[PDB]
Every structure is written in structure tokens, then in C-alpha cells.
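Here's the structure we're looking at; comments come further down.
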Ligand SMILES: [Zn+2]
């Protein structure tokens, strides 16, 4: 337990990536941008809402593990 206002949970529990408090910011795709590979598996959703057809990942439904796994 931490002395957090209104006993808010510290970790970023929102589905998109951020905290419950930071949930409106989750809608913004700024966080998603600046990442080397969209396809790389992280908490954030690989398919980007703004980029409809630009990504061209979902339409062909081709996932290459080797490409995303740089590490
Ligand atoms: Zn959110």
C-alpha cells in the first residue's frame, strides 16, 4: 500500500497501455508513434486506428515473427 490519492493503483493498468487516470491519453496515438516496429508485441495494440490501410499489416494478415523479434 502506498499513500496515493484516493487509493489509486500506481501501475499502468489501462488496456491500451497507460493508467486509468491517463486513459483519455491512451486514445491519442502519440505514444504508439516513435516505435521502430508496429508489429512488435507490446501492451499497446499493433494495429493503429489512425493508419487505416497505411500499415497494411491487417489486410494481408501476414505476421512474421522474425521481422518483429529484433531481440
Ligand atoms: Zn485507454
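Start at 1 and count along the chain as shown; that gives each residue its number.
Technique stated in the header: solution NMR.
The backbone N, Cα and C atoms fix where each Cβ goes, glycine too.
What the PDB entry says about this one:
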type	residues	note
SEQADV	1-4	expression tag
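In Swiss-Prot this protein carries:
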type	residues	note
MOD_RES	45	phosphotyrosine
MOD_RES	51	phosphothreonine
REGION	41-65	region 'Acidic'
ZN_FING	14-26	zinc finger
Practice problem: Take the C-alpha atoms of residue 45 (phosphotyrosine) and the residue listed as 'phosphothreonine' and report the distance between them in angstrom, rounded. | Solution: 12
Self-check item: Number of helical, extended and coil residues in the expression tag (1-4), per DSSP
Solution: 0 helix, 0 strand, 4 coil
Quiz item: What count of other C-beta atoms do you get within 10 angstroms of the C-beta of the residue listed as 'phosphothreonine', across all chains shown?
Solution: 14
Practice problem: Give the number of CB atoms, excluding that of residue 45 (phosphotyrosine) itself, located within 10 Å of its CB. | Solution: 14
